[PDB]
Amino acid sequence: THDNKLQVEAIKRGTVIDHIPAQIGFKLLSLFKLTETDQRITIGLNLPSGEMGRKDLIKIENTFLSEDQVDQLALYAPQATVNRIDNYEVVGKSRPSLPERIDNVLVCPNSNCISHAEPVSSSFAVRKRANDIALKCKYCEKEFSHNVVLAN
Amino acid sequence: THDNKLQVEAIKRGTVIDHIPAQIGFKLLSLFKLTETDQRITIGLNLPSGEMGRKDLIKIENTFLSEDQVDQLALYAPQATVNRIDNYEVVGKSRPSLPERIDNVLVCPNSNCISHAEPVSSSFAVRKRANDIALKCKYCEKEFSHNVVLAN
Amino acid sequence: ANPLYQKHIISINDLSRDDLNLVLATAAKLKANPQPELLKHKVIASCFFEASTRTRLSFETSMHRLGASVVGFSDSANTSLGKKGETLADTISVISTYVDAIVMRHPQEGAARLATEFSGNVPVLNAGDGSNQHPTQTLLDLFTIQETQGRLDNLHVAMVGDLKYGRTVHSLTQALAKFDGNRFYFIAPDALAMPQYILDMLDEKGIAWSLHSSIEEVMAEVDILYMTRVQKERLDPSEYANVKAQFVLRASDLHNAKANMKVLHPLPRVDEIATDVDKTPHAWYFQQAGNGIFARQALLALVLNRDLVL
Amino acid sequence: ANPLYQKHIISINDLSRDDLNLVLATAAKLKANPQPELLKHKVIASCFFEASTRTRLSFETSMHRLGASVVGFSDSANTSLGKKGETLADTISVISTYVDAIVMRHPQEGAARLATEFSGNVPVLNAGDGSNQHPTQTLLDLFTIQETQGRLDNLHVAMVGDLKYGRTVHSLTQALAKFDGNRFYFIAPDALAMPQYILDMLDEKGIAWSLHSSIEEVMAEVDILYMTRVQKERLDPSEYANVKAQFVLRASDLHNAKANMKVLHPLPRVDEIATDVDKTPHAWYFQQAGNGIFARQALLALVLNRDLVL
Amino acid sequence: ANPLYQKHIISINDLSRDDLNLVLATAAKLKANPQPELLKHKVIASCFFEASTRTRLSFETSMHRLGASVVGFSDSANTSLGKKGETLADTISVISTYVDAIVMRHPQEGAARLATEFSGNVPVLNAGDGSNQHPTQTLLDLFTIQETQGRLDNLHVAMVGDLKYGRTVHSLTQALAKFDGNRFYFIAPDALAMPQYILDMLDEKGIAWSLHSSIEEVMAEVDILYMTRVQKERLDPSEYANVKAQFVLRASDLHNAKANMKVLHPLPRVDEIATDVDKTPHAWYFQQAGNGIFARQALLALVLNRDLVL
Amino acid sequence: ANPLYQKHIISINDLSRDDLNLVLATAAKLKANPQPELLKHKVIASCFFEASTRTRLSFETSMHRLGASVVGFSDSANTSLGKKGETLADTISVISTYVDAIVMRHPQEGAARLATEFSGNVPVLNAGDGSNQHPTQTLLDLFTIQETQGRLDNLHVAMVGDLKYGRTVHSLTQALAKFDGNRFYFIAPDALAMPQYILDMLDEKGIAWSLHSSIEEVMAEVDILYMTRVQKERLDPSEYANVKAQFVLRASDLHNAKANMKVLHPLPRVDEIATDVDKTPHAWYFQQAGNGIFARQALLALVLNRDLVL
Ligand SMILES: Nc1ccn([C@@H]2O[C@H](COP(=O)(O)OP(=O)(O)OP(=O)(O)O)[C@@H](O)[C@H]2O)c(=O)n1
Ligand SMILES: Nc1ccn([C@@H]2O[C@H](COP(=O)(O)OP(=O)(O)OP(=O)(O)O)[C@@H](O)[C@H]2O)c(=O)n1
Ligand SMILES: [Zn+2]
Ligand SMILES: [Zn+2]
């Protein structure tokens with residue numbers, strides 16, 4: 001999607017997280033500590049998109065994401081489009097695939113899980129199923145619907 | 001408005017915070033929830049100021065800041081400027097003045113303070129002591145160096 | 001004398017529709033026109049074999065607002081009368097020679113009815129007996145429903161939480177069932193569903209009730225949303241986590257609610273009602289708690305004052 | 001109405017010199033001419049989340065001496081409202097629908113100020129909140145100083161013991177600092193010295209204060225020798241032994257004392273005041289405790305009686 | 001080296017059918033041919049953060065039967081290594097620099113798994129982690145079934161009691177589901193039914209299972225009747241009474257039992273198996289417990305020795 | 001016989017520089033060449049009148065590594081050998097007729113010393129006696145320093161945290177003060193400063209020491225950065241917060257640390273060492289703990305065997 005009003009300049013080498021379903025942008029930036037870098041960053045919050053009404057967009061420079069770091073966006077911005085860029089050209093363009101493992105960012109719902117009081121990173125096996133994603137904690141081995149885990 | 005030699009963007013109406021120090025931009029959008037608003041927000045981080053080298057910058061559409069809200073910005077980013085932009089022309093360039101009362105964003109360092117387990121908003125008393133601003137909790141009436149309070 | 005004069009108050013099932021109405025009308029009157037000397041010179045025993053600060057204070061405040069004197073005790077972690085040695089029977093036999101009425105809470109079902117057989121002419125009011133009855137909580141709930149809805153008939157009432165074990169929702173149901181046209185909506189996790197005997201009771205009376213997964217299914221048509229605490233120990237931590245959402249309330253869940261709808265909760269809430277609900281015109285759990293004093297005053301007045309000069 | 005009518009009483013810092021004087025004058029009047037029916041029909045909650053038999057009894061006696069009714073509880077080793085589950089906020093929200101005022105002591109700093117935000121029109125008097133404030137102890141101390149010295153200005157005051165952690169000596173200092181010409185003498189082991197912020201406060205007000213190793217250095221010129229308990233757990237047993245002498249009093253230490261000098265101690269003493277001091281005209285810790293009832297009565301009177309007919 | 005050499009034993013879901021047969025084959029050998037010196041010079045930590053006398057004595061005995069030394073602790077109302085402050089991660093990083101293997105039981109799910117992340121090269125054996133796993137109980141149960149039935153395939157297995165909360169039956173069902181042609185009979189109050197997730201796992205592998213109101217309906221065909229303890233503390237006294245009746249096993253119920261049939265119970269029993277069952281040839285719960293020794297010895301030997309010349 | 005044969009190990013002040021080198025030399029040998037049978041047939045008592053899991057497990061493991069058997073107890077809320085009545089002297093006169101050596105920890109200073117007066121010929125090893133000594137912790141600390149630095153002379157040693165109350169840092173300072181050219185850096189809140197008596201001891205031997213506000217000031221030159229736990233329970237919550245900040249160690253602070261530099265901590269840590277420090281080459285607190293095994297084995301071997309053919 002373009003903007004015949006005010007378009008944000010491109011860059012040589014970096015990545016572009018387009019189609020961010022607005023009000024998920026900043027979250028992506030929090031959850032994944034995307035701002036904990038010196039590289040040039042450019043955010044676009046709540047913007048015009050003919051293919052979904054409104055959408056956020058993040059641009060990080062001299063920084064790329066493996067197919068996995070991109071898959072990690074799955075649960076938040078599934079229809080996003082990660083754009084690999086170099087010499088001002090969109091040399092790469094991948095979409096978030098549901099990963100088989102999600103680490104560090106989720107918090108286990110089980111208040112009795114050992115993960116809470118301890119110096120370890122949360123970790124969940126991802127399993128897709130009709131209507132939701134089943135997430136099973138590495139520690140307590142309990143499985144929860146992603147709506148419960150992501151549940152604010 | 002953010003130009004060098006290519007595409008540039010600007011907002012119709014809304015406010016615009018400029019010259020935020022190193023990685024305080026994300027923190028300000030964090031603390032003060034500057035992105036909770038579903039207006040056309042746009043952020044720049046680690047931007048090339050030249051007159052420093054780097055800095056962050058924000059901008060909200062259809063949103064205005066009172067000289068008050070503009071004050072809470074003094075502890076993390078002293079010198080800067082918020083700008084109301086009605087009719088594509090900044091009709092106001094103010095400055096964040098150190099306030100007397102900082103609410104909701106600080107966490108009292110006294111672990112025994114009644115503020116922790118309760119449905120109340122934090123509240124401190126601002127009082128600089130030869131550069132080492134002291135913070136006094138409204139509840140436990142204890143006072144700490146802003147270095148201790150902000151640490152967490 | 002009035003119908004409740006010198007009567008015991010053990011179970012909501014022993015109270016008629018008229019009785020319930022007499023208590024509520026009396027409670028309305030005391031709220032409007034206080035009578036601080038009504039039970040002057042009466043001495044009441046506040047016996048909490050099972051501690052319950054909220055309930056004990058409510059009750060003792062009601063004794064004082066009528067001017068009665070109070071003697072008592074809380075939590076019987078032992079007690080040399082009613083648990084570790086002496087039978088409850090002997091404890092009451094002794095206590096009934098000292099006071100004018102006994103208010104008591106006990107961890108065992110039937111405790112208040114048993115006291116009744118040893119208290120002679122001394123009335124006993126049940127402040128809670130195990131998982132059996134809690135009469136005054138229900139009188140306070142009904143007075144609260146009647147005052148904010150203008151009536152106790154043809155109401156749409158939703159009950160949420162631990163419908164299985166909550167003695168309070170069981171009694172409120174029975175009491176509301178003595179009135180006509182009340183429609184019930186039961187929202188609870190399957191492991192904590194409203195008991196079959198309550199459902200059967202309702203079927204015989206021909207009262208309508210249905211089951212629902214969550215509040216939103218019925219939010220737009222309820223007059224009273226009665227929330228209950230889901231005791232965390234009941235469930236397995238993970239089980240509790242997988243199901244609690246369907247049984248907690250936030251203010252954003254209130255967009256459909258009728259302007260007249262009030263949210264009640266016998267308290268403590270904490271895990272089931274977010275504090276953002278506090279500021280809405282629907283929150284009425286604190287006003288409900290406040291009504292406990294008027295319902296409890298009514299009851300002491302009626303049972304201890306032969307001719308209730310209303 | 002009087003200046004303190006329906007006002008909260010949380011911190012000595014929120015009380016002005018005039019306020020302090022109004023309480024003391026009111027306290028003098030009640031001591032002289034009792035008014036046992038003044039708060040007749042008022043119901044006060046005596047809420048000791050943190051137990052304190054001496055302080056609770058003092059306060060409840062003051063409620064009764066004015067004729068108010070009392071409901072409450074002590075030590076919350078659990079409590080189903082204000083610690084283990086329910087927030088303090090909800091506990092007060094409920095309690096404020098039952099009583100006319102709340103007197104409360106809590107182990108956490110700021111507890112009383114927090115209650116104030118949920119008690120609506122119900123005044124809250126702070127009976128102690130962690131290591132923060134203890135307003136009524138200071139009012140009782142000042143009334144005691146004013147009555148035995150004829151004034152609260154130009155006094156020579158020595159404070160001894162744990163000046164570091166004693167919330168009581170911190171408040172007395174602040175209160176006495178609102179008056180003029182008071183001179184302070186701080187006698188404490190280095191590990192328990194009067195805090196720097198208290199000293200700084202005094203410097204700005206231009207109040208004179210000095211540090212001393214022991215009582216005898218200043219004994220001949222003090223009007224009030226305020227002793228405090230040095231909590232044995234604070235120090236290491238051997239550390240405690242090497243330093244306690246400098247902070248305990250025997251009657252033989254009184255040979256220099258001015259005829260007008262009184263020894264105060266918020267109690268318990270035991271490790272700091274020998275019992276031979278008891279018979280001297282200087283011992284005034286028990287009369288001080290007795291004054292707690294007149295100061296506490298004054299406070300309840302002022303906050304609950306619109307027009308204090310003194 | 002054997003496939004279990006230096007491996008952690010945390011969950012039944014991590015063990016394969018061959019792993020299980022390897023443990024049971026080693027168990028029969030050690031049972032037939034003891035190696036009281038196999039682990040001489042090895043020191044093992046018996047860490048029961050959660051006290052469990054029966055499991056600890058069983059595990060410690062197994063340790064000694066192989067010649068190893070033991071050091072450890074139980075509960076945490078006595079212990080000063082985590083009672084309040086130090087993380088389990090640090091407690092493990094320390095202990096693993098002392099011992100050759102850690103046996104641990106803990107109240108939170110996942111604790112054993114967290115331990116393997118901090119024990120470096122020291123094997124961690126899970127003696128129970130909250131409501132998650134208890135792998136050695138499952139190994140002992142399977143050793144007992146294999147030993148009395150001669151196989152782990154094509155068995156009729158009935159499970160009775162609290163199937164909802166018993167971590168032991170969930171585990172045994174998962175383990176048995178790794179073999180072929182097994183058929184399950186679940187007999188439990190609806191309030192304590194075998195969880196849907198276990199039933200899903202079964203349907204998914206084409207394993208037959210069916211619910212039944214009484215043992216009576218399955219007795220003629222059962223090979224293993226596995227009884228569980230009913231977690232009364234979870235239910236209502238009245239509730240627990242109302243159903244317990246149909247999940248209690250009496251000697252007369254074994255009337256038509258097959259000759260090979262065995263009654264198991266992880267213990268302790270109390271109201272699920274009448275004492276008269278003890279004398280029948282079918283009672284095998286005490287023999288089951290004695291087998292924990294051979295199962296646990298096997299697991300220790302396999303994990304600490306590369307090749308067992310057993 | 002070796003110089004430590006049949007000697008009691010009660011205080012670091014009783015050990016000479018040669019004693020210390022002898023213990024550390026034996027430790028390196030047992031670490032390199034284990035003698036799992038050296039003490040076979042010896043029975044040792046592990047008497048923790050004061051519970052201490054980490055120290056007991058460490059000490060018991062060392063016992064087993066040399067082949068000795070162990071008997072003992074922990075805490076005294078369970079024990080029936082002194083809980084209220086029998087003297088420590090009698091408890092020792094009895095136990096010393098059973099065992100070959102006594103390892104003991106006690107809450108009162110001097111308990112180990114008192115024990116040697118009643119144990120006849122049975123060596124007493126002090127695992128801690130109130131705030132006085134903890135000699136084996138000092139030996140393990142010194143073994144770790146010697147092992148990572150190759151010497152105990154001419155070292156730059158920084159000590160951080162609560163230097164006032166830590167019996168462990170006082171002891172280590174005294175022990176190191178027995179060697180030459182060591183220089184000390186003390187970094188602690190003034191409220192928890194290294195005691196004057198230790199500073200006097202140092203001045204007296206011409207040992208250089210200096211106070212510093214932050215680790216930052218010493219990092220470039222430190223060989224051993226010894227962190228202690230801050231006894232929070234002693235301070236004020238507000239106080240502990242106000243200073244803890246400058247005595248917490250983070251991975252980024254090790255920026256300019258020498259290659260040989262090691263961070264030690266007797267443990268448990270929590271708020272003094274961030275977890276990110278654990279992965280750096282400097283974190284040696286868990287290696288320090290594992291060395292308690294070799295230090296304690298050495299001490300037992302030296303005391304129970306005349307000549308070690310190590
Ligand atoms: N140097 C560059 C190159 C590309 N982009 C961004 O990368 C995304 C690529 O968009 P485009 O290639 O034109 O494909 P679309 O039309 O956007 O369709 P889609 O959004 O699915 O990719 C846009 O946000 C574009 O602005 C950029 O910011 N700077
Ligand atoms: N419609 C507009 C107009 C202005 N701006 C922003 O307003 C900020 C400040 O511009 P201005 O104060 O008018 O001139 P400056 O050069 O920024 O003054 P200074 O040197 O103090 O920054 C710039 O980021 C500009 O992009 C904007 O975002 N949208
Ligand atoms: Zn988990
Ligand atoms: Zn505070």
Side-chain angles (χ1 to χ4, degrees), chain B residues 30-33 36 66 68-69 71-72 74-76 78 97-152, chain D residues 8-15 47 49-50 76 79 81-94 104-119 124 126 128-135 138 164-165 167 170-171 173-174 195-201 203-204:
Chain B
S30 259
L31 296 172
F32 310 109
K33 294 182 180 173
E36 223 81 357
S66 58
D68 285 301
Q69 305 172 309
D71 309 309
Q72 313 292 43
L75 249 178
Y76 314 98
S97 182
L98 201 180
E100 53 180 11
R101 192 153 136 273
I102 294 298
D103 278 56
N104 333 283
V105 310
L106 294 169
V107 176
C108 175
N110 164 16
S111 62
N112 196 45
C113 180
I114 195 72
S115 62
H116 301 311
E118 304 272 322
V120 292
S121 283
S122 56
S123 181
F124 297 76
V126 199
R127 185 190 72 66
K128 158 175 48 193
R129 187 196 317 84
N131 220 65
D132 181 15
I133 304 192
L135 297 164
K136 182 172 169 303
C137 183
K138 167 185 171 215
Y139 296 95
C140 67
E141 299 172 44
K142 296 302 188 186
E143 264 215 327
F144 314 86
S145 132
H146 72 161
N147 276 192
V148 182
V149 176
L150 295 183
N152 298 148
Chain D
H8 297 296
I9 300 164
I10 304 306
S11 182
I12 216 70
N13 264 40
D14 298 337
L15 299 168
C47 308
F49 292 91
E50 168 182 85
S76 286
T79 292
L81 60 168
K83 199 264 190 175
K84 289 287 180 179
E86 177 160 288
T87 55
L88 170 54
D90 282 357
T91 295
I92 272 73
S93 296
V94 168
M104 67 178 278
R105 189 172 176 108
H106 195 285
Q108 298 176 255
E109 293 88 40
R113 174 93 57 190
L114 178 145
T116 241
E117 299 171 5
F118 297 89
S119 76
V124 26
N126 188 11
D129 67 315
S131 61
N132 174 36
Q133 304 292 321
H134 194 358
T138 303
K164 190 179 163 192
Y165 300 105
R167 64 185 175 183
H170 300 170
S171 305
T173 295
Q174 302 278 326
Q196 186 60 47
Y197 78 87
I198 288 292
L199 297 193
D200 291 341
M201 173 276 282
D203 289 338
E204 294 175 59

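Naming: A, B, ... by sequence-line order, numbering from 1 per chain.
Donor-acceptor pairing under 3.5 Å is recorded for the side chains of B/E141 and D/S11. Between the side chains of D/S131 and B/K142, at least one donor N or O sits under 3.5 Å from an acceptor N or O. In summary, the side chains of B/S121 and B/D103 do not present any donor paired with an acceptor at a separation below 3.5 Å, with no hydrogens or angles considered.
Legend: residues meeting salt bridge (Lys or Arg N to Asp or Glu O under 4.0 Å) with B/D132, ordered by chain and number and at least two apart, are B/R129. Listed by chain and number, the residues in a ring-ring contact (aromatic ring centres under 6.0 Å, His included) with D/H134 amount to none (sequence neighbours excluded). By the salt bridge (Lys or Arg N to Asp or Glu O under 4.0 Å) test, D/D203 is found to be paired with no residue, residues two or more places apart in sequence or in another chain being considered.
At a heavy-atom separation below 4.5 angstrom, chain D is approached by B/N110, B/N112, B/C113, B/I114 within residues 109-116 of chain B.
Between D/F49 and D/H106, the ring planes are tilted. Angles from 30° to 60° get that label.
When each of B/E118, B/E143, B/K138 is checked for heavy-atom pairs under 4.5 Å with chain D, B/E118 comes out on top.
Neither the backbone nor the side chain of D/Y197 has a heavy atom closer than 4.5 Å to any heavy atom of chain B.
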